[PDB]
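Chains as they are written, first to last, in the UniProt record's numbering: chain A, 235 to 267, 273 to 292, 304 to 503; chain B, 235 to 267, 273 to 292, 304 to 488, 494 to 503. Using N, Cα and C, we set each Cβ at its ideal position, and we do this for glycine too.
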Ligand SMILES: Cc1c(C)n(Cc2ccc(-c3ccccc3C(=O)O)cc2)c2ccc(C(=O)N[C@@H](C)c3ccc([N+](=O)[O-])cc3)cc12
Ligand SMILES: Cc1c(C)n(Cc2ccc(-c3ccccc3C(=O)O)cc2)c2ccc(C(=O)N[C@@H](C)c3ccc([N+](=O)[O-])cc3)cc12
Ligand SMILES: *c1ccc([N+](=O)[O-])cc1C(=O)Nc1ccncc1
Ligand SMILES: *c1ccc([N+](=O)[O-])cc1C(=O)Nc1ccncc1
């Protein structure tokens, strides 16, 4: 019934808000009028001065601490998902391990636009161009991200929505490795039931948004494909580049 | 008013039974009289077959999948406490962060008698001799909780008593880091009233029990303070996706 779903639809908005500190609603406020903009190496060097923190490497090692903290938050988010904790532990570690990345770039879209990305909690902004002109093996780690973000941000989801979506992701069940898929799918069938109603109410003028949302996992899967191969080359150029251990468990290529 | 506190007493009970799968008055059957028994080593190995799930580790670590389950049941429980939802979201988390250990051991005492403890929904019973019979630091990890519990069930508390008492623990305004303490206490001084009443109609003979209860969070907060140091010794004994699920 409507009531049982609307209620789960709030339970999740609540956990999302407690577990994620830069929300899409907060990000958009910073981006629609303040951050320090970074566009060349001269501003970036003024940028160590201005905002809390070779050129492309200690950028990259910084983009990956931010992902380590984001895996930390995703986990905390996922526990609050009704039913998740009540699942074979090998699955909880597998739903987590594959469903992180798909979520990072969903939520990373909340910090992007046509022109750039907000770094370092909001304090800074990195132009799309500084990113698209970096060292040969680093200068496109974030390019396809931007093109998804603009495709994605188009749907104009907000946080009440993203929070059920972020949940439909985690609870996949089409994941490689899972033992007991039937309870995973049985949970997600409820999220999907929840999400469908959320969209029809928060965005009632957005025809086939549910359908058009669900389709973005196709775009989303592809993005992570491109990422693991891209990371594989940097572990061959920079065999001196150390990756974080938490991030390494998520990489069974 | 006197009739409202009887309303709230019901409200929280119905919430309790819903939010909490295994209730004391339920497990009470399993203890007195059926479940497996784990008296020594060969029974324990025989235990992974029937109740599907180093050896003394595979034990404690598993007491923690159940904690993490239990924090959710408490979380979904707290939200039925009138005006709990209405608090500053920051305070909600803080009340729950600190409240959960104190509320876990209270329920760990409805799964204990003198002789051991129920496990995995009560399809098991681990002999306290066996839990005593563990390598250090493990054999007396669960032994000070055994001492608290018989002291605690001594009051002969039922589930509706625990339902108000559980709420009262969460709404404790002395938690470090609260922002707007007044409405928290407003609810606790309400539940406290409600708990006083319930304790009389349900134990009219039990004498000054309300008082002997509030004297136990003296013991609850002292187990917790001491339990959590045992967790930091374990951080000097003994995949990273797991440790993240199971942060203290
Ligand atoms: C390129 C880059 C730098 C240099 N920093 C700051 C930083 C970070 C770490 C370190 C560092 C790392 C290891 C060891 C030492 C240091 C060190 O220099 O101290 C240095 C600089 C970033 C912070 C966030 C993002 C980002 O992608 N934004 C999203 C993900 C986001 C933005 C904001 C939020 N948010 O929660 O608000 C979530 C996601 C990118 C960068
Ligand atoms: C030592 C131990 C083991 C091995 N299991 C089973 C188990 C269960 C899960 C996992 C596990 C964990 C993480 C990831 C995967 C797995 C996995 O199994 O693979 C491993 C072993 C236990 C279950 C309960 C308790 C206990 O003290 N009782 C409390 C908790 C209780 C008593 C009564 C009730 N109740 O109300 O019914 C609840 C809890 C102790 C143990
Ligand atoms: C950028 C580059 C590399 C990695 N990584 O090693 O996994 C991650 C990122 C990144 O952008 N992470 C992130 C995106 C959005 N929000 C937070 C973190
Ligand atoms: C067992 C082992 C460690 C901890 N802890 O880190 O606080 C807790 C427990 C435990 O007894 N958990 C439990 C809670 C509620 N119901 C049943 C079991």
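Discussion item. Which residue marks the beginning of the alpha helix (DSSP H) containing residue 312 of chain B, and which one marks its end?
Written reply: Taking the second chain and counting its residues from 1, the one referred to as residue 312 of chain B is at position 62. Run containing residue 312 of chain B: 312-328, per the alpha helix (DSSP H) assignment.
Practice prompt. Check the C-beta distance from residue 503 of chain A over to residue 398 of chain A and give it rounded, since I have them as a contact under 8 Å.
Written response: Here residue 503 of chain A is taken as the residue at index 253 of the first chain, counted from 1. Here residue 398 of chain A is taken as the residue at index 148 of the first chain, counted from 1. Wrong, their Cβ atoms sit about 21 Å apart, outside the cutoff.
Discussion item. Once the 5 residues before and after residue 447 of chain B are set aside, which same chain residues still bring their CB inside 8 Å of it?
Written reply: One-based indexing of the second chain puts residue 447 of chain B at position 197. Only 236, 239, 240 and 243 meet the Cβ criterion.
Practice prompt. Establish whether the CB of residue 491 of chain B and some CB of chain A are separated by less than 8 Å.
Written response: Residue 491 of chain B cannot be located in this model; chain B continues from 488 straight on to 494.
Worksheet entry | For residue 415 of chain A, the nearest candidate out of A:478, A:393 and A:324 (CA to CA) | Numbered from 1 along the first chain, position 165 holds the residue referred to as residue 415 of chain A. Ranking A:478, A:393 and A:324 by Cα distance to residue 415 of chain A puts A:324 first.
Worksheet item: Is residue 411 of chain A buried or exposed, if buried means 16 or more other CB atoms sit within 10 Å of its CB?
Response: The residue you call residue 411 of chain A lines up with position 161 of the first chain. Buried, because 16 or more other Cβ atoms sit within 10 Å of the Cβ of residue 411 of chain A.
Practice prompt. Have a look at residue 490 of chain B and residue 460 of chain B and give me their C-alpha separation to the nearest angstrom.
Written response: What the structure lacks is residue 490 of chain B: chain B is numbered 488, then 494, with the residues between left out.
Worksheet item: CB of residue 313 of chain B to nearest heavy atom of ligand 3: below 7 Å?
Response: For the purposes of this step, residue 313 of chain B is taken as residue 63 along the second chain, with counting starting at 1. Remark: the shortest separation between the CB of residue 313 of chain B and any heavy atom of ligand 3 does not fall under 7 Å.
Discussion item. Can you pull the chain B neighbours of residue 499 of chain A, defined as C-beta to C-beta under 7 Å?
Written reply: The residue you call residue 499 of chain A lines up with position 249 of the first chain. Ordered by position in chain B, the residues that pass the 7 Å Cβ test against residue 499 of chain A are 494, 495 and 496.
Worksheet item: Exposed or buried, what is residue 440 of chain B when buried is set at 16 or more other beta-carbons lying within 10 Å of its beta-carbon?
Response: Start at 1 with the first residue of the second chain, and residue 440 of chain B comes out as number 190. Residue environment: residue 440 of chain B is assigned as buried (16 or more neighbouring CB atoms within 10 Å of its CB, all protein chains considered).
Worksheet item: What residue range is occupied by the uninterrupted alpha helix (DSSP H) comprising residue 285 of chain A?
Response: On the first chain, position 46 is the one that residue 285 of chain A refers to. Residue 285 of chain A -> alpha helix (DSSP H) spans 280-289.
Discussion item. Just to confirm before moving on: does the CB-CB distance between residue 307 of chain B and residue 488 of chain B stay below 8 Å?
Written reply: Walking along the second chain from the start, residue 307 of chain B turns up at place 57. Walking along the second chain from the start, residue 488 of chain B turns up at place 238. Yes, Cβ-Cβ distance for residue 307 of chain B and residue 488 of chain B is below 8 Å.
Item to complete: Please go through the same chain and pick out, in chain order, the residues whose beta-carbon is closer than 8 Å to the beta-carbon of residue 380 of chain A, but skip the five residues on each side of it.
Response: Taking the first chain and counting its residues from 1, the one referred to as residue 380 of chain A is at position 130. Counting only Cβ-Cβ distances below 8 Å, and skipping sequence neighbours, we find 277, 278, 279 and 283.
Worksheet entry | Interfacial residues, the stretch 335-348 of chain A to chain B, with Cβ spacing under 8 Å | The stretch 335-348 of chain A vs chain B, Cβ under 8 Å: 335, 336, 339, 342, 343, 346 and 347.
Fill in: Buried versus exposed call for residue 273 of chain A [16 or more other C-beta atoms within 10 Å across all chains shown]
For the purposes of this step, residue 273 of chain A is taken as the residue at position 34 of the first chain. Exposed, because fewer than 16 other Cβ atoms sit within 10 Å of the Cβ of residue 273 of chain A.
Practice prompt. Give, in chain order, every unbroken run of the alpha helix (DSSP H) that is at least 4 residues long and sits entirely within the stretch 380-464 of chain B.
Written response: Within the stretch 380-464 of chain B, the complete alpha helix (DSSP H) runs of at least 4 residues are 393-403, 409-420, 431-452 and 459-464.
Worksheet item: Cβ atoms of residue 333 of chain B and residue 433 of chain B: under 8 Å apart, would you say?
Response: The count along the second chain starts at 1 and reaches residue 433 of chain B at position 183. The count along the second chain starts at 1 and reaches residue 333 of chain B at position 83. Closer than 8 Å, so yes.
Discussion item. Short of 7 Å in beta carbon distance, which residues of its chain neighbour residue 413 of chain A, apart from the five on each side in sequence? Order them along the chain.
Written reply: Counted from its first residue, the first chain places residue 413 of chain A at position 163. The answer, listed in chain order, is 246, 247 and 250.
Fill in: chain B contacts made by the stretch 304-329 of chain A, where a contact means CB separation under 8 Å
321, 322, 325 and 329
Worksheet item: Near residue 259 of chain B, which residues of its chain fall below 6 Å by C-beta distance, leaving aside the five closest residues on each side in sequence?
Response: As a working mapping, residue 259 of chain B is identified with position 25 in the second chain. These residues qualify, in order along the chain: 409.
Discussion item. Taking 8 Å as the threshold (beta carbon to beta carbon), is residue 260 of chain A in contact with chain B?
Written reply: Here the question's residue 260 of chain A lines up with position 26 in the first chain. Not closer than 8 Å to any Cβ of chain B, the Cβ of residue 260 of chain A fails to qualify, so no.
Worksheet item: Is residue 240 of chain B near ligand 2, going by C-beta to nearest heavy atom under 7 Å?
Response: Position 6 of the second chain, counted from the first residue, corresponds to residue 240 of chain B. Not under cutoff, so the answer is no.
Worksheet item: Can the beta-carbon of residue 423 of chain A be found closer than 8 Å to that of residue 344 of chain A?
Response: Here residue 423 of chain A corresponds to residue number 173 of the first chain, with the count starting at 1. Here residue 344 of chain A corresponds to residue number 94 of the first chain, with the count starting at 1. With a cutoff of 8 Å on beta-carbon distance, residue 423 of chain A and residue 344 of chain A are scored as not near each other.
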